[PDB]
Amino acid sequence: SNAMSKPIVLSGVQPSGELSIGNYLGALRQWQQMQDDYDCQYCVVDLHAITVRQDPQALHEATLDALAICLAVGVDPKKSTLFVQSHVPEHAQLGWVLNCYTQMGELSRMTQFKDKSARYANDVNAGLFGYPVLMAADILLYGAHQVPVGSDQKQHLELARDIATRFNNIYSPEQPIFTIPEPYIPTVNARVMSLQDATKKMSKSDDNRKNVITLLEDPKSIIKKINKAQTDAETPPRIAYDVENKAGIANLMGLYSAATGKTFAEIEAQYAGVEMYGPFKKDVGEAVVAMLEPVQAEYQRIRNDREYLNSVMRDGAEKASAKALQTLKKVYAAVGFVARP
């Protein structure tokens, strides 16, 4: 009654890299609907970005890029809580407290830290080590019931659960202070594969950019990449859906289906008797451009309306802090701090 009857979801949005068409089809395309079915928070995680050395100007602009992509796919500041992490002071504050309820061993065993320790040698910074604790704060501040996490963030989510449980057991065993978060289950299981290796999931961090279409990719680059996509060895060519034997075509059919709304049964019929993949790949690229272009256009407009973006940031930070401060006050009272008068 009413937001109180929907689950609370918190999503972390990175201000770095470029989102892929897999991220779009697997997640962002569904955000406008999720905003109606869940009480959603979208946090642009700039405090986590600086765990690796960032060019300052690039980070600044990437933050605005992330905010604008959220708006472009239909995140509404009035219907969701959309904000930049560093704008909401409660995040770092709860993070410090939660450090005191996190075991060193729990952080040292994190696979993401162990990788970066190996890459950076003695330079490895304490932020990279500690960011799972800050992630836990990010989630727990909002009492999120559900959190979307990639494969590489699952261990981190488990630690958040462990920290919340530990704290609740100490301070509030009968009326818990923290909600124990669970993974969010996406409503579309998109299967977007690397364009030149259809056996491998499309990855936004792939060094091989021939495998990847990004959400803000130039339409001409999208067309070229799709025209060079893996098909299959079937002779004569046959456009039919089959992941095991026709993986490349299956990936193209999945893209065409997403872009046009056509079912695999309609696509098979459309190309019945066509013994060539070239025209089909042209059709797919054009369809993918037509799907993304409207998002790109909305993005490019929103992105250069700084007065609007500032309004969004201001209103989101206020809305987020109002919620987060309630949690922070309860945590501070529980551990024994004197409340600020």
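In case it trips you up, residue 1 is the first one in the sequence shown, and so on.
If you average the Cα B factors in the entry, which is higher, 67 to 75 or 192 to 200?
-> That would be 192 to 200.
On average, are the C-alpha B-factors higher in 279 to 287 or in 40 to 48?
-> Higher of the two, by average CA B-factor, is 279 to 287.
Between 209, 87, 166, 91, which carries the biggest CA temperature factor in the record?
-> Of the candidates given, the C-alpha B-factor peaks at 209.
Tell me which of 263, 103, 146, 151 tops the list for C-alpha B factor in the record.
-> If I rank 263, 103, 146, 151 by C-alpha B-factor, first place goes to 151.
Among all modelled residues of this chain, ranked by Cα B factor, put residue 130 in the bottom, middle or top third, i.e. lowest, middle or highest.
-> Ranked within chain, residue 130 CA B lands in the middle tercile.
Against its chain's modelled residues, does residue 247's Cα B factor rank lowest, middle or highest third?
-> According to the entry, residue 247 has a C-alpha B-factor in the chain's highest third.
Can you tell me which third, lowest, middle or highest, the CA B-factor of residue 59 falls into for its chain?
-> For residue 59, the deposited C-alpha B-factor lands in the lowest third.
Pull the Cα B-factor of residue 182 out of the PDB entry and bin it into the chain's lowest, middle or highest third.
-> CA B-factor rank for residue 182: middle third.
Chain-wide C-alpha B factor ranking for residue 236, given as lowest, middle or highest third | Highest third - that is where residue 236 ends up once the chain's C-alpha B-factors are sorted.
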